[PDB]
Amino acid sequence: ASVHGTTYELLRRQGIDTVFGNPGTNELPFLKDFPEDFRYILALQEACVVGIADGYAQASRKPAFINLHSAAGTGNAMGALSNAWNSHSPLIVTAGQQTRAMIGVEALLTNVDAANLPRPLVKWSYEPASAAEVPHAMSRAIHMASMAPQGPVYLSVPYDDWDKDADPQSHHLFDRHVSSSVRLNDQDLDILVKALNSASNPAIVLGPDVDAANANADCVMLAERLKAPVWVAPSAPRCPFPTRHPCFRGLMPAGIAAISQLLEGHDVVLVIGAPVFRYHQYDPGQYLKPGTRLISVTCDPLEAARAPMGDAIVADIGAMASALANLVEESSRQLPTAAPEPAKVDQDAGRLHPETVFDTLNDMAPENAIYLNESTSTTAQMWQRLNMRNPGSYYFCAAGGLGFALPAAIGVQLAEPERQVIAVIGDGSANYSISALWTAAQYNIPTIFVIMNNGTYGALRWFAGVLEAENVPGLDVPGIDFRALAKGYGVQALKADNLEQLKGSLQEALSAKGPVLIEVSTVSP
Amino acid sequence: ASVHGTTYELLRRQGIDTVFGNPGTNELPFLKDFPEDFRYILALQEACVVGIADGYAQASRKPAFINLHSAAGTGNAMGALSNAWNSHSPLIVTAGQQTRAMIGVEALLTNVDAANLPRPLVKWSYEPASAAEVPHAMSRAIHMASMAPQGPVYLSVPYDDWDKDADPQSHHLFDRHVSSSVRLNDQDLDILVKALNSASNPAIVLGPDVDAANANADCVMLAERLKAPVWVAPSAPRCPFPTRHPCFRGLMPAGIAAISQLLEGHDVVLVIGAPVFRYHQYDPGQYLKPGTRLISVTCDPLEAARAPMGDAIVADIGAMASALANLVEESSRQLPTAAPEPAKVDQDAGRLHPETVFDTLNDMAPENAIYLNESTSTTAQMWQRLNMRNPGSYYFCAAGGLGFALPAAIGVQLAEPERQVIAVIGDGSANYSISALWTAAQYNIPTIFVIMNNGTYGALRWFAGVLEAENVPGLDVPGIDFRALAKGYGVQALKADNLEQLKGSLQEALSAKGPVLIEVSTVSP
Amino acid sequence: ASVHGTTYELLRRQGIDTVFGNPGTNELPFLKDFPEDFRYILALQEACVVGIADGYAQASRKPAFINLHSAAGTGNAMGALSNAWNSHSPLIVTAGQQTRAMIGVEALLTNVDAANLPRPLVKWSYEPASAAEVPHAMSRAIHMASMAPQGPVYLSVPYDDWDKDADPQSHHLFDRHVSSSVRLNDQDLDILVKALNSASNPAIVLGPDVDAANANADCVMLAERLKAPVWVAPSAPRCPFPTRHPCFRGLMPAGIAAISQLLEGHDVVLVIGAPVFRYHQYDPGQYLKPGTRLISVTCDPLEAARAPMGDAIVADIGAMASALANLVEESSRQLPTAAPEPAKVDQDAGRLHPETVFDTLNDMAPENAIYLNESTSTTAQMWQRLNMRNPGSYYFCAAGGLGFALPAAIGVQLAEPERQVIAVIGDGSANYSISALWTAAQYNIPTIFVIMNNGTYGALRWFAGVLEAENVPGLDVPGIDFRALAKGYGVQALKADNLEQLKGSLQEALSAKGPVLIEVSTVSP
Ligand SMILES: Cc1ncc(C[n+]2csc(CCOP(=O)(O)OP(=O)(O)O)c2C)c(N)n1
Ligand SMILES: Cc1ncc(C[n+]2csc(CCOP(=O)(O)OP(=O)(O)O)c2C)c(N)n1
Ligand SMILES: Cc1ncc(C[n+]2csc(CCOP(=O)(O)OP(=O)(O)O)c2C)c(N)n1
Ligand SMILES: [Ca+2]
Ligand SMILES: [Ca+2]
Ligand SMILES: [Ca+2]
Ligand SMILES: [Ca+2]
Ligand SMILES: [Ca+2]
Ligand SMILES: [Ca+2]
Ligand SMILES: [Cl-]
Ligand SMILES: [Cl-]
Ligand SMILES: [Cl-]
Ligand SMILES: [Mg+2]
Ligand SMILES: [Mg+2]
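Residues numbered from 1 in each chain as written, not as in the entry; some residues may be left out. Chains lettered and ligands numbered in written order. Part of a larger assembly, values for the part shown. Heavy atoms only, no water.

For this entry, the PDB record names X-ray crystallography as the structure determination method and reports a resolution of 1.500 Å.

For chain A, the name recorded in the PDB entry is Benzoylformate decarboxylase, with Pseudomonas putida as its organism. In its Pathway section, UniProt records this for chain A: "Aromatic compound metabolism; (R)-mandelate degradation; benzoate from (R)-mandelate: step 3/4." Heading Subunit of the UniProt record for chain A holds this comment: "Homotetramer." (UniProt positions renumbered as here; feature names shortened; annotations may be inferred.)

Written out as structure tokens, the structure reads:
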């Protein structure tokens, strides 16, 4: 067998059937004779390729396979990899290298010092020392991406390797099964359970790895048993809990002092599937107030090591959430009372308040909608105004890197064909990966894109206020016609200048058979 | 509090009380006002410092703390770090950096691009961005070294940081407890147990992480229950099983074909705490023969990813060995029969056969002796001839890097003051870290060093035979007087030119109150 | 032709005829059939191998070729590479890698992520992607080490590559000639010359790259023409000027304030072949005083970029020194007056003052002696007391990394068989690379080693005073018998407890036919 044949067999035997890519010369010998049971999803720039693959992996809860062109293609994707690292996305990033005989001279298309290029944003990065090693190296890539803590990996392959003879012993790779589905030993788990049972006022904080693990329902059971309020850890990349459940308390402010104040009076704070903590603004103070102790369950040693406070347990989130939910006592305390509905913001017949947009989405969208957020100044109101009952209902660029939501929404929609995806994206953010729209059109992936157009980088105006910064250039983005951009890439386009038009546009978008972009005129901050 | 005071408090609160070091200017502000509850162990070169710390960590089963001088000191230790990486040794390597104000100009003693220096031989490598961050960075170093899979880490600290004010919020670091003591979830563990119970001819292969976990006794119980032969995985850095137990089958040959042949007819091979596999010689063939399947339990994702065959489970070795030993059925198969005693090699009144040396050590040493091996051509015979009943009884440079055993034997002896340490070291290997002898003398650490003097790099002569290599230079090391070297560093020295003298020298060494070096004249290969 | 044959032909055609090494399994296929026109110089540990090669390269003013064993051997040499980086030593460091078929599994002896291991201490680091690329990669290594600014490079080669067929087109590599012998363009050189001619009180500062370029005599002519005082830049790795020439003003103090004070009143300061500046102690103040401007000529862009003051010209030191010496006007100012002889320090009949040792060396050594310095507390007095008339007469560890002088003195002596090498090494420093002594004995390289034995790390005691550091551990090194260590490695040993014995020992050492170690009892600091 050839390295080509053996590698595709390994991929299919490990559950991979889709290649997200933008092709190039070094990759042609990999992509030729493309297997009929695989699909290839083309995107027009590599940030888009990786964003789409990332949304697909996160929603599908399995690895996604990517093929990029050498150094330039890999480089175009590195902002996307920054998000993927923070979301623990299992991405297998492959890139083609020059033919081995031309690497030394650094011919055009040579990826120099290739394994170092995507560092430090990958778990593992490698170029094999021979063609026959390629299937083994691919096996390593698959498992490194897939083992807890999941994350992106990188494999560079010289283009002449694919036609070479494979090692017959590579067949042992095909059906390898690697598990990291582990939980704390019985003795120490009993100690933890006792501590939870004995807490007088426990609180629970959940991060993105809960949703990645589909541990949401177990966390609901855990919170109900403990009669404990539940927050989402700050800078949330996913939604780990039903947002109208009586225990839900919303998104934590991303500040040191704000969080310790919030947790004051809680004797035991159990954090599951989150870093401790992904702060954002500089809000100095106490990490925790006296009387509060913290226990973190995380899938990631790097998270456990860097937490500035608390104990930690490094284990699988799914396994730990299930064990805890089933072992803790039913507390006789009263179940927390549900948060009140948010207020309706006054809205005239002109430009839309973001609050109005979210209220209307919540009114009109199906109960199993999936939202993405890259509308950076409106995140708090989005979290308060969307009822998200189900797992996998929310995605936000995990490293804050813009250019995620537009392509990721296409990948999520591909992963979840029966759940309507609605990406709410600011006018500034929409540009970073604008060309991703084309992929939705070409493959008829019916994502809805809601562009919040206020003409400015609103979040930067806000932070400029906080940091007390005057005379900052480059904050405004006037003169972009998003309907024309959508037309450019073949996506149906609508425009909503007021509430009447917003409702009409959403009605038409929800009924449409393909992707739709709605440009919404929102109020200037 | 100062960064100095806070950092030493963090260290003591995390169980660290010993600094292995070779000092320099950048480190003086760290070492000044050295706490009276700490000890400092000086060695004369950094390979020695790290080797001693490594032996101490491996034997004590806890992290060891190291302080080296900038880039040059760190660099002198990098061969030692290669071994530490392969043995999963929890080493906290700190090095001093120039004062922050002189880093930019690259004053003498500036460690340039410091975090990159020890890569790729460390789990984590870092230089903090401010003085107040130092205690937090130290906390990260402690936990990164200590979490499974354990390994060396590196922290560089500008010398002016120590006197600066610490963050009062650093107190939250002091008592953090981080656990990776995890095992496979119940459902999947039950599946594994069933597979073991159902095997018709199981075999067990154990690696160094079994001994690191003190999982030895549980593995004995597991092997007895399953009535299974037990091998030690190739290139063994530690001994994970009693070598005269009836199930014991010895050290596996470090070859692909040799191992698959050995395992032929075994339907399920359970590997615990080893890479799959640390082959050495190139011995191409089948990874496994038809009819054999392999299941690996490893603490290290990198091991699970790169195994060319078998299933894998990434979990704590102690927790997994205990669970398996206690859950499996008692097989009604007959317990394996003990291996026969090795033959006595004919020995005249002249130079010693290595076999004679090992037989005599086995005859005379206490039953709780601890051996180290850096006699590279005699490893197979050492493994056959020493009865090692207890855990922690054997160490061999895990990456094959010479210069380990001499200093490590001093660290092991420091860790285990009641167990006589006997390091068996070739004349070639003895030189790499010869200056370590001084530390044994100065602190009166009563390690016994047995130098196997055959005048040559014997293992290289052997491999030259295998690789069919003629006219190779640099294979002979004549003209070294090891008694004089020992005298040079203050260690009592004896010489054994024949068996009578070997017995006499061992009797005197075993009775001595300090370290002793015995130069043994061994037969040329 | 084989890769082996082609690579050795490339080496000999590029002037390389000596391999400094410590062998291992991965290197056997390189070292087999070792060519009869090459020599192999064995050392017992890799810091020693590289130190010897480094001294040889620096003294010979040509590249030296090194062969080390995989990661562990490379790692043992990394402290040595820290010095080599700072001295711009042209070192070609090769290391053997596992056979390509066993790299993926990480068999014992695999150098993982090999090219990253010696970073950041090398100019170029590489592992070829195929056997046929090896000669080209070696060509790159040769030229990268040899081009200005010279420095160490690293090449890792899988052991199975050597027997493979070479590319016939590799013959084009054999006679390539690469020049960096460049100087500033005529127009701008005329401007510089004018500025020098017009200076009212110029000063000259010279660094190690002057001696590396053998630009010493041209700098003498330049200083005489300009009637300018000449200093050696701080932390000096080499001696660039005759130390009794009337213009010579000695070694600059390694402090910011000290240097600006020294240069006060000098209107133009011309620095040649030095970083600006290799400060050591933290001595904050003005980089230059008002009225002083600085012009640096350096072979190294990294030096030009990081200088905190002055203009810079990046060019070949030999070419620039020659051009300047021949173009500047003869100033009518009076030639500077020679520094007075240093005072004789009172000396009783007991332990030796370092000053006495240097005065006696100066009295007795040949006028073409070559000195090395690793006696860290006595550097200032050494510089004042040794008349060094000739180029290539002084070496000091360029990064301050101890373990340089002992092996480097052997390499220097090998390079300069007619010039008596005398290495003055502290008792502390002597241990780092003590095993290097064996190489001097084996090859009968008649280096003289003068061990300054004061029982302590004296320089650290001094800096502890400056940094105001009390209760520092690990500063004393009692109980080392250097005569026994020398005997251990086959080197004739003498001991000097007083001046009478020092003179007698030096007389015997200077007359000896082999290497000699003299242990000198020096006064405690
Ligand atoms: C790739 C990238 N570039 C720049 C930024 C910085 N950034 C953060 S928020 C923001 C503004 C985004 O504006 P928009 O999408 O219109 O949303 P708004 O803030 O107006 O709600 C920018 C530019 C970033 N996070 N990522
Ligand atoms: C730091 C380092 N340098 C070189 C080697 C290569 N090497 C492997 S075995 C060996 C010979 C050791 O000789 P000795 O200790 O006398 O034992 P013998 O082989 O004679 O039994 C050498 C040099 C190595 N493994 N590590
Ligand atoms: C590899 C390395 N380790 C540690 C140091 C720090 N250091 C600088 S000077 C010094 C003392 C050397 O003592 P010795 O050679 O006896 O000379 P003395 O200072 O007594 O004159 C030390 C340990 C260093 N520069 N390099
Ligand atoms: Ca509503
Ligand atoms: Ca906006
Ligand atoms: Ca016996
Ligand atoms: Ca030997
Ligand atoms: Ca004199
Ligand atoms: Ca000294
Ligand atoms: Cl358990
Ligand atoms: Cl479970
Ligand atoms: Cl010109
Ligand atoms: Mg990079
Ligand atoms: Mg490195």
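**Things to note about the domain arrangement of chain A**
All names here are of chain A. The domain architecture assigned to chain A consists of domain 1 (1–178), domain 2 (179–340) and domain 3 (341–525). Listed by partner, the interface residues are 11 residues for domain 1 and 14 residues for domain 2. Contact between domain 1 and domain 2 buries roughly 1000 Å² in total, counting both sides, with carbon and sulfur atoms accounting for 46%. On the domain 1 side of the contact with domain 2, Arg61, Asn86 and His88 bury the most area, a combined 45% of that side's loss. Along the contact surface separating domain 1 from domain 2 lie 1 salt bridge. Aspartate 211 is the partner of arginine 61 in a salt bridge, and the nearest nitrogen-oxygen pair spans 3.4 Å. (Domains from an automatic or database assignment. Contact = heavy atoms within 4.5 Å. Buried area = accessible area lost by both parts, 1.4 Å probe. Salt bridge = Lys/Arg side-chain N within 4 Å of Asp/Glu carboxyl O.)

**Things to note about the interface of chain B and chain A**
You'll often see interface size given as the accessible area lost when the parts meet. Contacts between chain B and chain A engage 41 residues on the former and 41 residues on the latter. Carbon and sulfur atoms make up 54% of the area that chain B and chain A hide from each other, which totals about 3300 Å². Taken as a group, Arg176, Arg183 and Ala305 of chain B account for 17% of the area that chain B buries against chain A, more than any other trio of residues on that side. At the boundary of chain B with chain A, the tally comes to 2 salt bridges. Linking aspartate 186 of chain B and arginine 183 of chain A is a salt bridge whose minimum nitrogen-to-oxygen distance equals 3.0 Å.

**Here's the deal with unusual backbone geometry**
That bond from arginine 119 of chain B to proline 120 of chain B is cis: its omega, 10 degrees, falls within 30 degrees of zero. The residue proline 120 of chain B is located in the loop between α6 (100–103) and β5 (124–126) in this model. The residue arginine 61 of chain B is not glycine, and still its phi comes out positive at about 55 degrees. The residue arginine 61 of chain B is located in the loop between α3 (46–60) and β3 (64–69) in this model. Classification of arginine 61 of chain B as partly exposed rests on a relative accessible area of 31%. In this model, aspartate 113 of chain C sits at a positive phi of 50 degrees, which is unusual for a non-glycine residue. Of note, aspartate 113 of chain C is situated in the loop between α6 (100–103) and β5 (124–126). (Helix = DSSP H or I, 4+ residues; strand = E, 2+ residues; numbered from the N terminus. Buried < 20%, exposed > 50% of the residue type's maximum accessible area, 1.4 Å probe, protein only.)

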